[PDB]
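Given next, in structure tokens, is a single chain: the form deposited without ligand ADP.
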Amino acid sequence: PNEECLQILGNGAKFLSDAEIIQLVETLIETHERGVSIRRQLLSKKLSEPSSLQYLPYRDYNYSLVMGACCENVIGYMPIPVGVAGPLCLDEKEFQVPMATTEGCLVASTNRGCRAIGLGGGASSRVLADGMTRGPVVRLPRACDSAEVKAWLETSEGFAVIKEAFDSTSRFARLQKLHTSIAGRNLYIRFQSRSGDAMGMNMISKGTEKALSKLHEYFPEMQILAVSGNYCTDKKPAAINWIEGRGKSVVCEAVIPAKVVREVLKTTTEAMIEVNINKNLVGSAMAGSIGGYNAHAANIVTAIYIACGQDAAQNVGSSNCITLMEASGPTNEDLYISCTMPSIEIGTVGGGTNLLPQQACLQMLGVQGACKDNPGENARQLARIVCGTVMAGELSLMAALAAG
């Protein structure tokens, strides 16, 4: 049928077959899975190998939370294996850390690092700072004019006006001190604020847009070139994130007894320190690294991020880490280790954390959703878990490299 199909669709789509809808070519089709099915069939005929989609699964997945929220042009889902590393003994608690990865040995190695920490009295961590950022670029007629705006934003009165505009957008919108940089007639303004338990990009962007609108009322000659002028900086390496922080700034530490270094990690404290200095400090320095003073923080960040519904593209900055090691204890034979991660971009509400499987992994760690009594606590706790697990990862890989 050709003309009859248009009449039935006006009434609904359940009476029409799959081949009839394809003949003509989201909201038109009744069920979400059927929409995926038709899209897959249309796609298959465009590929040189239509049987490509055979092993890409799609059936029985809950698309209701994905459509119009997380993904478009959906043709199915990608299963990433999830392993568990733990217990991670952190701040007098014990965590079972979910890790989504396809790299062999990663989960097992991280698990060994956890064991080392666990037999060593446990790890301790602190959140040092919290605030997601957006760094728009604005332009004025002259550099003297951009200078005037910078000076105006630095006054208590000027900042209060911008803060009021920013804070009016959301419950959690609370503008911190502005960071500004001039480049001739350009002005780069770094807006920073806490965002409850959300990663905060949407919240900060909404606050930024309103703040820039209010700024335009005081400086009508100002042009808003882009709401992001890469001064944030989001999803690109930047020294500003390393020095100023972005999202959660975290530190974590543990002391590993000499006995544990030998038995669990198959190495010595002295060997670990020498590798740390010459690989993570000198090596990264020779390579021209900004913020990459670690062995494989990225491995742990990415694995946790994928498992817990985070924005995995943010591993670029979230993996920023300096790993430090020194001799400790009365006999100077125990291993003190610390990991400092100034730019963990993380959340427990919104985005991929709205999906049930991702919520399962968040629930494992007891951080799923918003914390009503203490806004931000779940996201802060997750950041502490990430930093702690990174340290476990550092211990085991460094031990492997030290032992050869």
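Counting begins at 1, following the sequence as shown.
There is another form of the same protein, the form deposited with ligand ADP bound; it is not shown, and what comes next is about it.
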> Any idea which of 41 to 49, 345 to 353, 54 to 62, 332 to 340 reaches within 4.5 Å of ligand ADP in the deposited complex, heavy atoms considered?
Replying inline: 345 to 353
> Is there any non-hydrogen atom of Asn202 lying within 4.5 Å of ligand ADP in the deposited complex?
Replying inline: yes
> Should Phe172 be counted as a contact of ligand ADP in the deposited complex, where contact means heavy atoms within 4.5 Å?
Replying inline: yes
> Quick one: does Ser195 come within 4.5 Å of ligand ADP in the deposited complex, counting heavy atoms only?
Replying inline: yes
> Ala370: heavy atom within 4.5 Å of ligand ADP in the deposited complex?
Replying inline: yes
>> With the partner left out here, which residues of 206 to 224 have a non-hydrogen atom within 4.5 Å of ligand ADP in the deposited complex?
In response: none
